[PDB]
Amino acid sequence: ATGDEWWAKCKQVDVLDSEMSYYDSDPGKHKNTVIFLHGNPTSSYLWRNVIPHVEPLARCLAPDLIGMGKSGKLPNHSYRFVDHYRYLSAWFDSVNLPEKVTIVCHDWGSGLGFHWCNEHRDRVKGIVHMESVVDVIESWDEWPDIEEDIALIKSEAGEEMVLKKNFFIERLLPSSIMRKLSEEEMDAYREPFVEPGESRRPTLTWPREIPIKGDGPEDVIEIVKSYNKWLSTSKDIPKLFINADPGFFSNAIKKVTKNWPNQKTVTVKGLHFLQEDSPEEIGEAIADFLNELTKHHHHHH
């Protein structure tokens, strides 16, 4: 599936001063509805082999975050978490969502989705999350050891690595898929970032936002602390954690969420970009989760 083939099935809608591209399986159809949120450095294309398993059960939306995929670029090249939330938040209001939705999310898309859910709790049918931002990083012994890499990316070498050498696309992304991407799959991911310079800025700002205790930005830390607190006691919100084996953040997520009520776990084969190694098994687990939702079980503990 080429990039042009994927985006040919996608829509665009104005958002604030810009526009966002997005996949919509059933525009205008008020039914069971699932929103898929990608992360860094991917796009809605990441969900292309997952959505077909969910589409029979739900209208599927998968937006391109601002500055990414086929969505607009911001002329000031500010793509902090709050910048992204601004546009995603407005996007939610513009695609005719029913009263409650299910969020499926990955990486920084789970940061944005968790926060959106925290701020619209009455609209959350359920949350599927994987390789997700579930808490502030307080110890590098509980987490993958990227301390030195984050420091490196925060320095001036970050601009060279990403703006000029597109590090996240050309090295990080394929390093954390187990299979080898086809070269039309790789071009799909290169496509939004082919012009060197500031078009790649979103893939540099995103790791610069990572919520590290005593090193991460206070606004992202407060947002994460506050949706982590909410999720930790969200007994009324059904949740699926898709664990990637061996994964990247998966092991740290496994233990950060031990205490969370009403969360089931399913493990699949994968590193960070698990959707490219087990698309079908991720798709089936979502369909199972969605079939169980409709039973609206009254859980005891």
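Residue positions are given as counts along the sequence shown, with the first one as 1.
Stretches 41 to 49 and 231 to 239 differ in mean CA B factor, with 231 to 239 having the higher one.
Higher mean CA temperature factor, per the PDB entry, when comparing 80 to 88 with 122 to 130: 122 to 130. Looking at 75, 217, 202, 174, the one whose CA carries the top B-factor in the deposited record is 217.
When the modelled residues of the chain are ordered by C-alpha B-factor, residue 266 sits in the middle third. Sort the chain's modelled residues by C-alpha temperature factor and residue 282 lands in the lowest third, per the entry. When all modelled residues of the chain are sorted by CA temperature factor, residue 158 is found within the highest third. The entry lists a Cα temperature factor for residue 31 that places it in the highest third of the chain's modelled residues. Annotation for residue 14: C-alpha temperature factor in the middle third relative to the rest of the modelled chain, per the entry.
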